[PDB]
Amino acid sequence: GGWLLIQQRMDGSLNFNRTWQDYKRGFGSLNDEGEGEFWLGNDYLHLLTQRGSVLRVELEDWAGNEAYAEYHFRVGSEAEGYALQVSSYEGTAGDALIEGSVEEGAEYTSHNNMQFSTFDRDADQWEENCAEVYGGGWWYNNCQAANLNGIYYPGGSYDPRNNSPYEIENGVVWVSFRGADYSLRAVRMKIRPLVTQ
């Protein structure tokens, strides 16, 4: 396989609500088997995408149904805020990154061309701080249609009115697959850097 892993969630044991510097360097780790929760690190991700790449997102719900989304993908440098560039969607999970959510349209929930934010480095399009409330570092707009770095709620369906400190859909979510009130069981991001050509 020419793919390499850049992110994975599988049991909620790792905290994803971290600082700019943790997202920049990478945290967590994977094993021999390739099991474990982690984030590769925005600085190495910038470097790995220099010559272009294909991103593959794999999702799994609490009943074992699966879906995937593939995109052409680039991550900008730290001066560009690690901005996201994606195009050419293909898959079964639905295009949450370019089109955002059907309920509230692209304008506010599209992720394409957004910078990365964290709770201590806000570069989103909201008057408030998305990352603080949604719980992870991500490419926020105002604020999201998808967030694989959100809070791990076990079981699937969750009632946001039951969350604290914020009564919001801050779970591990991909709207066009299971909706904003459904937190996913296992998720991973993998890229194929187009190193030759």
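Numbers follow the displayed sequence, beginning with 1.
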Checklist entry - Given the B-factors recorded for C-alpha atoms, which segment has the greater mean, 40-48 or 25-33? => result 25-33
Checklist entry - Which has the higher mean CA temperature factor in the PDB entry, 103-111 or 80-88? => result 103-111
Next on the checklist: Highest recorded C-alpha temperature factor, please, choosing from 134, 158, 139, 152.
Outcome noted: 158
Checklist entry - Is the Cα B-factor recorded for residue 167 in the lowest, middle or highest third of its chain? => result highest
Checklist entry - Relative to the other modelled residues in the chain, which third contains the C-alpha temperature factor of residue 66: lowest, middle or highest? => result highest
Checklist entry - Which third of the chain does residue 173 land in by C-alpha B-factor: lowest, middle or highest? => result lowest
Checklist outcome for this item: Entry-reported C-alpha B-factor of residue 10 relative to its chain, by third, is highest
Checklist entry - Considering only modelled residues of the same chain, in which third does the CA B-factor of residue 124 rank: lowest, middle or highest? => result middle
